[PDB]
């Protein structure tokens, strides 16, 4: 038996897919993953066959860049849907089910091919702000009607906008392969019942939502830290780690610079993850260390604190690692996750994406307080629910039926 995983997203979505692939493997089920070209290294690492779909990393926009002209936005919107119909049929060969993660629009195309081939389809989201309800506003991933804060309206408008932008292409491609048109375009990509791949304590499913909370989808990262990093950690006190994952733009470079300054102001060493936009340290003093891709599950248990962007994966990893967290939210579901770190008492939710030496220092002081550490350690034991295992069973149960 083989399951097709389709990911249209960043590092975080790829890792969510990798985690499921790992649980399926343990069950004796093969997997194949359609993912952006940038997933190549990670997929090669875990031995999951990769079917490249989407633009390469060097064609990715960065926070701060001007939006593309409407004609170009429309072209990308159509591409997002059309690349699924072109690539999923081939990738689905010999598969019994299909699990999509990431972009909803891409998901409508994936579900359509699955529907054509008569294969069960599942879609997961990394947080409750991607599930429509009157309780939480949608993820901050697109501009919304100026002045509107009403949760219900934001969702209704988000859905209408989505249907209008992708509906025509979706339904045209569907018709070309004999499928009747989809009327509820926004709902269609979520599948019959979307899976909330997030921890029930860290990110609890809100009421009035028809979804299955499986728990976060993570694998036991066994990768060892690189020798040079293992040495740095030994030759000194527990440093503070800075990392903003798939974030981009000059804002994070500035934030990182301020973070190093503040960390030093508290007499602590620094470890800086370069990220794909290659963030750089202020100087070469031996009190700091820059790193590229590293096992965070391992690293996070050996640091005094972590400063990050608040994306689902990095926060879950930090949360189960029991390390105090300083969250500097920038977009999508990050303000939500930052608020979660605040509510659980495991760190500080910095107020906004642009920290100053003052605000960062105040937050850092709290984050490094013994109370916070004790609290983080405690909470770490409440977020162990194995989502991938729960998800894999749902998938198999569907194939069984």
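Numbering follows the first chain given and starts at 1.
In this entry, 280-288 shows the higher mean Cα temperature factor of the pair 280-288 and 313-321.
The question of which stretch, 126-134 or 215-223, has the higher mean Cα B factor is settled in favour of 215-223. Out of 232, 121, 186, 244, it is 232 whose C-alpha atom has the highest B-factor in the PDB entry. Going by the entry's values, 370 shows the largest Cα B-factor out of 353, 36, 370, 335.
In the deposited entry, the Cα temperature factor of residue 387 sits in the middle third of values across the chain's modelled residues. Ranked by Cα temperature factor within the chain, residue 57 sits in the middle third according to the deposited record. Residue 377: CA B factor in the highest third of modelled residues in this chain (values from the PDB entry). Residue 167 sits in the lowest third of its chain by CA B factor, as recorded in the PDB entry. For residue 109, the recorded CA temperature factor ranks within the lowest third of the chain's modelled residues.
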